[PDB]
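Note: the block below is start-v8.cif and it holds mmCIF, N, CA and C atoms and all ligand atoms.
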data_coords
#
loop_
_atom_site.label_atom_id
_atom_site.label_comp_id
_atom_site.auth_asym_id
_atom_site.auth_seq_id
_atom_site.Cartn_x
_atom_site.Cartn_y
_atom_site.Cartn_z
N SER A 1 -38.07 -19.83 -18.64
CA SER A 1 -38.21 -18.36 -18.87
C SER A 1 -37.38 -17.52 -17.89
N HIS A 2 -36.84 -18.15 -16.85
CA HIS A 2 -36.15 -17.41 -15.82
C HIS A 2 -34.82 -18.02 -15.37
N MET A 3 -33.82 -17.15 -15.26
CA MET A 3 -32.49 -17.49 -14.79
C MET A 3 -32.56 -17.71 -13.30
N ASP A 4 -31.69 -18.55 -12.77
CA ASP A 4 -31.57 -18.58 -11.32
C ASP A 4 -30.20 -18.12 -10.82
N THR A 5 -30.06 -18.17 -9.50
CA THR A 5 -28.82 -17.86 -8.83
C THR A 5 -27.78 -18.97 -9.14
N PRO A 6 -26.47 -18.69 -8.96
CA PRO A 6 -25.40 -19.66 -9.27
C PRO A 6 -25.39 -20.94 -8.41
N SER A 7 -24.78 -21.99 -8.93
CA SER A 7 -24.55 -23.18 -8.12
C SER A 7 -23.36 -22.88 -7.21
N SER A 8 -22.97 -23.84 -6.38
CA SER A 8 -21.99 -23.55 -5.32
C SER A 8 -20.57 -23.53 -5.86
N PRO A 9 -19.74 -22.61 -5.34
CA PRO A 9 -18.30 -22.69 -5.58
C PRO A 9 -17.76 -23.91 -4.83
N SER A 10 -16.55 -24.34 -5.16
CA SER A 10 -15.88 -25.42 -4.43
C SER A 10 -14.63 -24.86 -3.80
N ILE A 11 -14.40 -25.14 -2.52
CA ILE A 11 -13.13 -24.81 -1.86
C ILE A 11 -12.13 -25.97 -2.00
N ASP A 12 -11.00 -25.69 -2.64
CA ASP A 12 -9.96 -26.68 -2.83
C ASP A 12 -9.11 -26.85 -1.57
N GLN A 13 -8.49 -25.76 -1.13
CA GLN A 13 -7.73 -25.73 0.12
C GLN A 13 -7.67 -24.31 0.67
N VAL A 14 -7.29 -24.20 1.94
CA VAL A 14 -7.07 -22.92 2.58
C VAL A 14 -5.64 -22.88 3.12
N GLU A 15 -4.89 -21.86 2.73
CA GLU A 15 -3.53 -21.70 3.23
C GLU A 15 -3.57 -20.62 4.29
N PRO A 16 -3.55 -21.02 5.57
CA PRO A 16 -3.59 -20.04 6.63
C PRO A 16 -2.22 -19.53 7.07
N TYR A 17 -2.21 -18.27 7.47
CA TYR A 17 -1.10 -17.70 8.20
C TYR A 17 -1.57 -17.40 9.63
N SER A 18 -1.16 -16.26 10.18
CA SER A 18 -1.46 -15.95 11.57
C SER A 18 -2.80 -15.29 11.77
N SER A 19 -3.07 -14.24 11.00
CA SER A 19 -4.30 -13.48 11.12
C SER A 19 -5.07 -13.42 9.78
N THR A 20 -4.54 -14.11 8.77
CA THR A 20 -5.12 -14.13 7.42
C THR A 20 -5.06 -15.54 6.82
N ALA A 21 -5.80 -15.76 5.73
CA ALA A 21 -5.81 -17.04 5.05
C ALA A 21 -6.20 -16.86 3.58
N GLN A 22 -5.55 -17.64 2.72
CA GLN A 22 -5.87 -17.67 1.29
C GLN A 22 -6.80 -18.85 0.98
N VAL A 23 -8.01 -18.54 0.51
CA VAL A 23 -9.01 -19.58 0.26
C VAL A 23 -8.95 -19.90 -1.23
N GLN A 24 -8.48 -21.11 -1.57
CA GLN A 24 -8.45 -21.55 -2.96
C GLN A 24 -9.76 -22.20 -3.33
N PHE A 25 -10.35 -21.73 -4.43
CA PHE A 25 -11.69 -22.16 -4.80
C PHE A 25 -11.88 -22.32 -6.32
N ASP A 26 -12.91 -23.10 -6.68
CA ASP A 26 -13.38 -23.25 -8.07
C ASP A 26 -14.64 -22.45 -8.28
N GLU A 27 -14.74 -21.81 -9.44
CA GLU A 27 -15.99 -21.18 -9.87
C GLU A 27 -17.16 -22.18 -9.88
N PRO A 28 -18.40 -21.68 -9.69
CA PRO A 28 -19.61 -22.50 -9.84
C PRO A 28 -19.65 -23.24 -11.19
N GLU A 29 -20.19 -24.46 -11.20
CA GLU A 29 -20.38 -25.18 -12.47
C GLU A 29 -21.37 -24.41 -13.34
N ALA A 30 -22.43 -23.92 -12.70
CA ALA A 30 -23.45 -23.13 -13.37
C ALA A 30 -23.52 -21.72 -12.80
N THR A 31 -23.48 -20.75 -13.70
CA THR A 31 -23.72 -19.36 -13.36
C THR A 31 -25.19 -19.15 -12.97
N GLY A 32 -26.03 -20.14 -13.29
CA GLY A 32 -27.48 -20.02 -13.13
C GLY A 32 -28.17 -19.49 -14.38
N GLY A 33 -27.39 -18.84 -15.24
CA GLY A 33 -27.93 -18.33 -16.51
C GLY A 33 -27.47 -16.92 -16.80
N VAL A 34 -27.10 -16.20 -15.74
CA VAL A 34 -26.49 -14.86 -15.82
C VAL A 34 -25.18 -14.84 -15.02
N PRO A 35 -24.21 -13.98 -15.42
CA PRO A 35 -22.81 -13.93 -14.95
C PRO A 35 -22.57 -13.67 -13.46
N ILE A 36 -21.56 -14.33 -12.90
CA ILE A 36 -21.12 -14.05 -11.52
C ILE A 36 -20.57 -12.64 -11.35
N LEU A 37 -21.06 -11.93 -10.34
CA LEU A 37 -20.73 -10.53 -10.10
C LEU A 37 -19.75 -10.32 -8.94
N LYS A 38 -19.96 -11.08 -7.87
CA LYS A 38 -19.14 -10.99 -6.66
C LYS A 38 -19.12 -12.35 -6.02
N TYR A 39 -18.15 -12.54 -5.12
CA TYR A 39 -18.18 -13.65 -4.18
C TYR A 39 -18.37 -13.17 -2.76
N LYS A 40 -19.03 -13.99 -1.96
CA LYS A 40 -19.13 -13.72 -0.53
C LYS A 40 -18.43 -14.85 0.23
N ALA A 41 -17.45 -14.48 1.04
CA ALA A 41 -16.88 -15.41 2.01
C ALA A 41 -17.50 -15.17 3.37
N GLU A 42 -17.92 -16.26 4.01
CA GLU A 42 -18.35 -16.26 5.41
C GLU A 42 -17.44 -17.19 6.21
N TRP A 43 -16.99 -16.72 7.38
CA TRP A 43 -16.14 -17.57 8.24
C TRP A 43 -16.54 -17.43 9.69
N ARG A 44 -16.27 -18.47 10.48
CA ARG A 44 -16.46 -18.38 11.92
C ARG A 44 -15.53 -19.34 12.66
N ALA A 45 -15.08 -18.91 13.84
CA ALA A 45 -14.28 -19.76 14.70
C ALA A 45 -15.16 -20.92 15.16
N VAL A 46 -14.68 -22.15 14.97
CA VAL A 46 -15.42 -23.35 15.37
C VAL A 46 -15.76 -23.25 16.88
N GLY A 47 -17.02 -23.55 17.21
CA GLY A 47 -17.57 -23.36 18.54
C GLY A 47 -18.38 -22.09 18.74
N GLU A 48 -18.14 -21.08 17.89
CA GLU A 48 -18.84 -19.79 17.98
C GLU A 48 -20.05 -19.75 17.04
N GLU A 49 -21.03 -18.92 17.37
CA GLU A 49 -22.26 -18.78 16.54
C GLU A 49 -22.15 -17.69 15.46
N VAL A 50 -21.41 -16.62 15.74
CA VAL A 50 -21.38 -15.45 14.85
C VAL A 50 -20.53 -15.65 13.57
N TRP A 51 -21.13 -15.39 12.41
CA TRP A 51 -20.42 -15.49 11.13
C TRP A 51 -19.83 -14.14 10.74
N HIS A 52 -18.63 -14.15 10.16
CA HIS A 52 -18.04 -12.94 9.64
C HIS A 52 -18.08 -13.05 8.13
N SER A 53 -18.28 -11.93 7.46
CA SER A 53 -18.43 -12.00 6.02
C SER A 53 -17.85 -10.79 5.32
N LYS A 54 -17.43 -11.04 4.08
CA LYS A 54 -16.84 -10.03 3.22
C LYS A 54 -17.12 -10.32 1.73
N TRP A 55 -17.33 -9.25 0.97
CA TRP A 55 -17.52 -9.33 -0.49
C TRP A 55 -16.21 -9.22 -1.24
N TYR A 56 -16.14 -9.93 -2.38
CA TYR A 56 -14.97 -9.94 -3.27
C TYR A 56 -15.42 -9.84 -4.71
N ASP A 57 -14.71 -9.02 -5.48
CA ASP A 57 -14.94 -8.91 -6.93
C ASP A 57 -14.71 -10.24 -7.63
N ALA A 58 -15.62 -10.58 -8.53
CA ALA A 58 -15.56 -11.85 -9.24
C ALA A 58 -14.33 -11.96 -10.15
N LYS A 59 -13.98 -10.85 -10.80
CA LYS A 59 -12.89 -10.89 -11.78
C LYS A 59 -11.54 -11.27 -11.16
N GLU A 60 -11.13 -10.56 -10.12
CA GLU A 60 -9.83 -10.85 -9.50
C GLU A 60 -9.81 -12.20 -8.80
N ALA A 61 -10.94 -12.59 -8.21
CA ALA A 61 -11.00 -13.84 -7.47
C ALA A 61 -10.84 -15.02 -8.43
N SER A 62 -11.55 -14.96 -9.56
CA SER A 62 -11.53 -16.09 -10.48
C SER A 62 -10.20 -16.16 -11.23
N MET A 63 -9.55 -15.01 -11.41
CA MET A 63 -8.24 -14.94 -12.08
C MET A 63 -7.09 -15.42 -11.17
N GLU A 64 -7.10 -14.97 -9.91
CA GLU A 64 -6.11 -15.40 -8.92
C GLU A 64 -6.41 -16.82 -8.42
N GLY A 65 -7.69 -17.19 -8.42
CA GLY A 65 -8.12 -18.48 -7.88
C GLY A 65 -8.33 -18.46 -6.37
N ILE A 66 -8.18 -17.28 -5.76
CA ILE A 66 -8.29 -17.10 -4.30
C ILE A 66 -9.14 -15.91 -3.85
N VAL A 67 -9.61 -16.00 -2.61
CA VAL A 67 -9.99 -14.84 -1.83
C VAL A 67 -9.24 -14.89 -0.49
N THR A 68 -8.89 -13.71 0.01
CA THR A 68 -8.13 -13.59 1.25
C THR A 68 -9.02 -13.12 2.37
N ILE A 69 -9.12 -13.95 3.40
CA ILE A 69 -9.85 -13.57 4.58
C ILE A 69 -8.88 -12.98 5.60
N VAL A 70 -9.39 -12.03 6.37
CA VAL A 70 -8.58 -11.19 7.26
C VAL A 70 -9.15 -11.13 8.67
N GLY A 71 -8.42 -10.47 9.56
CA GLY A 71 -8.89 -10.21 10.92
C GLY A 71 -9.10 -11.45 11.76
N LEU A 72 -8.33 -12.50 11.46
CA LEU A 72 -8.40 -13.75 12.19
C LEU A 72 -7.49 -13.69 13.41
N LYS A 73 -7.78 -14.56 14.36
CA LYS A 73 -6.97 -14.71 15.56
C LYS A 73 -6.01 -15.87 15.36
N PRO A 74 -4.76 -15.73 15.84
CA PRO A 74 -3.79 -16.80 15.72
C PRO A 74 -4.23 -18.06 16.46
N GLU A 75 -3.68 -19.20 16.04
CA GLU A 75 -3.88 -20.50 16.69
C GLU A 75 -5.35 -20.89 16.89
N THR A 76 -6.21 -20.52 15.95
CA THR A 76 -7.64 -20.75 16.11
C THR A 76 -8.22 -21.50 14.90
N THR A 77 -9.07 -22.50 15.14
CA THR A 77 -9.71 -23.26 14.06
C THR A 77 -10.98 -22.55 13.58
N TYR A 78 -11.08 -22.36 12.25
CA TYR A 78 -12.23 -21.69 11.62
C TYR A 78 -12.92 -22.60 10.60
N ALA A 79 -14.21 -22.35 10.36
CA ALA A 79 -14.94 -22.85 9.18
C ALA A 79 -15.12 -21.69 8.23
N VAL A 80 -14.91 -21.95 6.93
CA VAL A 80 -15.18 -20.98 5.86
C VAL A 80 -16.03 -21.62 4.75
N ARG A 81 -16.89 -20.80 4.17
CA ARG A 81 -17.69 -21.18 3.01
C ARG A 81 -17.79 -19.97 2.06
N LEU A 82 -18.12 -20.25 0.80
CA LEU A 82 -18.19 -19.27 -0.28
C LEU A 82 -19.49 -19.41 -1.03
N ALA A 83 -20.02 -18.27 -1.45
CA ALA A 83 -21.17 -18.19 -2.35
C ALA A 83 -20.88 -17.17 -3.44
N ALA A 84 -21.40 -17.44 -4.64
CA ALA A 84 -21.36 -16.53 -5.77
C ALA A 84 -22.64 -15.71 -5.82
N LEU A 85 -22.47 -14.44 -6.15
CA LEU A 85 -23.58 -13.54 -6.38
C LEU A 85 -23.73 -13.29 -7.88
N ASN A 86 -24.94 -13.50 -8.42
CA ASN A 86 -25.26 -12.94 -9.74
C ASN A 86 -26.41 -11.92 -9.67
N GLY A 87 -26.89 -11.50 -10.84
CA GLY A 87 -27.99 -10.54 -10.96
C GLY A 87 -29.27 -10.94 -10.25
N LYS A 88 -29.47 -12.24 -10.03
CA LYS A 88 -30.66 -12.78 -9.36
C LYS A 88 -30.51 -12.77 -7.84
N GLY A 89 -29.27 -12.75 -7.36
CA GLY A 89 -28.99 -12.75 -5.91
C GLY A 89 -27.90 -13.75 -5.58
N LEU A 90 -27.83 -14.15 -4.31
CA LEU A 90 -26.82 -15.10 -3.83
C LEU A 90 -27.15 -16.57 -4.12
N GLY A 91 -26.18 -17.27 -4.70
CA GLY A 91 -26.30 -18.69 -5.00
C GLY A 91 -26.00 -19.64 -3.84
N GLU A 92 -25.97 -20.93 -4.16
CA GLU A 92 -25.74 -21.98 -3.17
C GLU A 92 -24.39 -21.78 -2.49
N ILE A 93 -24.37 -21.91 -1.16
CA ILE A 93 -23.12 -21.85 -0.40
C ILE A 93 -22.35 -23.15 -0.60
N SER A 94 -21.03 -23.01 -0.69
CA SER A 94 -20.13 -24.17 -0.76
C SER A 94 -20.24 -25.02 0.50
N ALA A 95 -19.78 -26.27 0.44
CA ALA A 95 -19.55 -27.04 1.67
C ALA A 95 -18.50 -26.30 2.49
N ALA A 96 -18.65 -26.30 3.82
CA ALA A 96 -17.66 -25.61 4.67
C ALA A 96 -16.30 -26.32 4.67
N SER A 97 -15.23 -25.53 4.70
CA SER A 97 -13.87 -26.06 4.83
C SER A 97 -13.27 -25.56 6.13
N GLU A 98 -12.65 -26.45 6.88
CA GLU A 98 -12.14 -26.08 8.19
C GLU A 98 -10.61 -25.94 8.10
N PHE A 99 -10.07 -24.87 8.69
CA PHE A 99 -8.63 -24.68 8.78
C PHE A 99 -8.24 -24.11 10.16
N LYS A 100 -6.94 -24.04 10.42
CA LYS A 100 -6.42 -23.46 11.67
C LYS A 100 -5.33 -22.43 11.38
N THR A 101 -5.45 -21.25 12.00
CA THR A 101 -4.43 -20.23 11.84
C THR A 101 -3.20 -20.67 12.61
N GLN A 102 -2.03 -20.37 12.06
CA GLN A 102 -0.75 -20.66 12.69
C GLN A 102 -0.52 -19.85 13.97
N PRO A 103 0.32 -20.39 14.88
CA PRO A 103 0.81 -19.64 16.03
C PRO A 103 1.67 -18.47 15.59
N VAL A 104 1.58 -17.36 16.31
CA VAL A 104 2.54 -16.27 16.13
C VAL A 104 3.93 -16.79 16.50
NA NA B 201 -10.75 -27.44 -7.95
#
Show the structure stored in the file as structure tokens.
Amino acid sequence: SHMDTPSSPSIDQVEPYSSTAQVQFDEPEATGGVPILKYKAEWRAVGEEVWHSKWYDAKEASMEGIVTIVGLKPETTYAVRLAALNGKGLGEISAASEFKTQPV
């Protein structure tokens, strides 16, 4: 009788530059029963406790196949994960993917 939140997106690869990175991902296998509305990316520098997060429109993300994370520091290793938002709320977070920003 009730829809749930989406299953997890999958991160394929991350293409990092100096202060930004392109996160390549797959849509959830299951929407949960109602449509994906937004994506949330969360990232943090490995070793640190604080997570940074940003919302992304579902339409452009799923069409481009990417979300772009910003405000990164050069030469630094990060963990990133993704979750889909539907009408019920936030779904399962993806497995974390680790990348390193390039040197300036
Ligand atoms: Na894939």
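Near ligand NA 201 (chain B), at distances of 8 Å or less and with only N, CA and C atoms and all ligand atoms counted, sit the residues residues 10, 11, 12, 13, 24, 25, 26 and 27 of chain A.
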### Task
Mind the document's chain letters and residue numbers, and return as a PyMOL selection string the residues of chain A that DSSP labels strand (DSSP E).
chain A and resi 10-16+21-26+38-45+52-57+66-69+77-86+89-90+97-100
### Task
Enumerate the residues of chain A with a DSSP assignment of helix (DSSP H, G or I), computed from the backbone, and present them as a VMD selection string.
chain A and resid 58 to 64
Which residues of region 13-53 of chain A sit at most 6.5 Å from region 68-71 of chain A, using all atoms listed in the file? Give each one's shortest atom pair and distance in Å (one decimal place), in chain and ascending residue order, as a Markdown table.
| residue | atom | partner | partner_atom | distance |
| --- | --- | --- | --- | --- |
| A:19 | C | A:71 | N | 4.5 |
| A:20 | CA | A:69 | C | 4.3 |
| A:21 | C | A:69 | N | 4.1 |
| A:22 | CA | A:68 | CA | 4.7 |
| A:23 | N | A:68 | N | 4.9 |
### Message
Neighbouring residues of residue 103 (chain A) were defined as those with any atom within 10 Å, considering only C-alpha atoms; residues of the same chain fewer than 6 positions away were excluded. Please report them as a PyMOL selection string.
### Response
chain A and resi 17-19+73-76
For the residues in the current selection, export N, CA and C atoms as a PDB file, keeping the file's coordinate frame.
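Ended up saving to out_10.pdb:
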ATOM      1  N   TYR A  17      -2.210 -18.270   7.470  1.00  0.00           N
ATOM      2  CA  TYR A  17      -1.100 -17.700   8.200  1.00  0.00           C
ATOM      3  C   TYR A  17      -1.570 -17.400   9.630  1.00  0.00           C
ATOM      4  N   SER A  18      -1.160 -16.260  10.180  1.00  0.00           N
ATOM      5  CA  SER A  18      -1.460 -15.950  11.570  1.00  0.00           C
ATOM      6  C   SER A  18      -2.800 -15.290  11.770  1.00  0.00           C
ATOM      7  N   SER A  19      -3.070 -14.240  11.000  1.00  0.00           N
ATOM      8  CA  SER A  19      -4.300 -13.480  11.120  1.00  0.00           C
ATOM      9  C   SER A  19      -5.070 -13.420   9.780  1.00  0.00           C
ATOM     10  N   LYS A  73      -7.780 -14.560  14.360  1.00  0.00           N
ATOM     11  CA  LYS A  73      -6.970 -14.710  15.560  1.00  0.00           C
ATOM     12  C   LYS A  73      -6.010 -15.870  15.360  1.00  0.00           C
ATOM     13  N   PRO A  74      -4.760 -15.730  15.840  1.00  0.00           N
ATOM     14  CA  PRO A  74      -3.790 -16.800  15.720  1.00  0.00           C
ATOM     15  C   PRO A  74      -4.230 -18.060  16.460  1.00  0.00           C
ATOM     16  N   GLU A  75      -3.680 -19.200  16.040  1.00  0.00           N
ATOM     17  CA  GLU A  75      -3.880 -20.500  16.690  1.00  0.00           C
ATOM     18  C   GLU A  75      -5.350 -20.890  16.890  1.00  0.00           C
ATOM     19  N   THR A  76      -6.210 -20.520  15.950  1.00  0.00           N
ATOM     20  CA  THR A  76      -7.640 -20.750  16.110  1.00  0.00           C
ATOM     21  C   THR A  76      -8.220 -21.500  14.900  1.00  0.00           C
TER      22      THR A  76
END
Please identify all polymer residues lying at most 6.5 Å from the point (-24.5, -22.6, -3.2) (file coordinates), using all atoms listed in the file, and present the result as a short mmCIF file (atom, residue, chain, number, x, y, z; two decimals) with N, CA and C atoms, in the frame of the given file.
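Printed below is selection_21.cif as written:
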data_model
loop_
_atom_site.label_atom_id
_atom_site.label_comp_id
_atom_site.auth_asym_id
_atom_site.auth_seq_id
_atom_site.Cartn_x
_atom_site.Cartn_y
_atom_site.Cartn_z
N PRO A 6 -26.47 -18.69 -8.96
CA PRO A 6 -25.40 -19.66 -9.27
C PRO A 6 -25.39 -20.94 -8.41
N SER A 7 -24.78 -21.99 -8.93
CA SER A 7 -24.55 -23.18 -8.12
C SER A 7 -23.36 -22.88 -7.21
N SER A 8 -22.97 -23.84 -6.38
CA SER A 8 -21.99 -23.55 -5.32
C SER A 8 -20.57 -23.53 -5.86
N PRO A 9 -19.74 -22.61 -5.34
CA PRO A 9 -18.30 -22.69 -5.58
C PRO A 9 -17.76 -23.91 -4.83
N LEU A 82 -18.12 -20.25 0.80
CA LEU A 82 -18.19 -19.27 -0.28
C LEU A 82 -19.49 -19.41 -1.03
N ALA A 83 -20.02 -18.27 -1.45
CA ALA A 83 -21.17 -18.19 -2.35
C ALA A 83 -20.88 -17.17 -3.44
N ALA A 84 -21.40 -17.44 -4.64
CA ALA A 84 -21.36 -16.53 -5.77
C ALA A 84 -22.64 -15.71 -5.82
N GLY A 91 -26.18 -17.27 -4.70
CA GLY A 91 -26.30 -18.69 -5.00
C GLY A 91 -26.00 -19.64 -3.84
N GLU A 92 -25.97 -20.93 -4.16
CA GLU A 92 -25.74 -21.98 -3.17
C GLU A 92 -24.39 -21.78 -2.49
N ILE A 93 -24.37 -21.91 -1.16
CA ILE A 93 -23.12 -21.85 -0.40
C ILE A 93 -22.35 -23.15 -0.60
N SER A 94 -21.03 -23.01 -0.69
CA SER A 94 -20.13 -24.17 -0.76
C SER A 94 -20.24 -25.02 0.50
#
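Closest approach to residue 87 (chain A) among A:38, A:72, A:58, A:67 is made by A:38 (distances from all atoms listed in the file).
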### Task
Would you mind telling me which residue in A:62, A:77, A:97, A:5 lies nearest to residue 31 (chain A) when using only C-alpha atoms?
A:5
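The space separating CA of residue 102 (chain A) from CA of residue 16 (chain A) comes to 6.7 Å.
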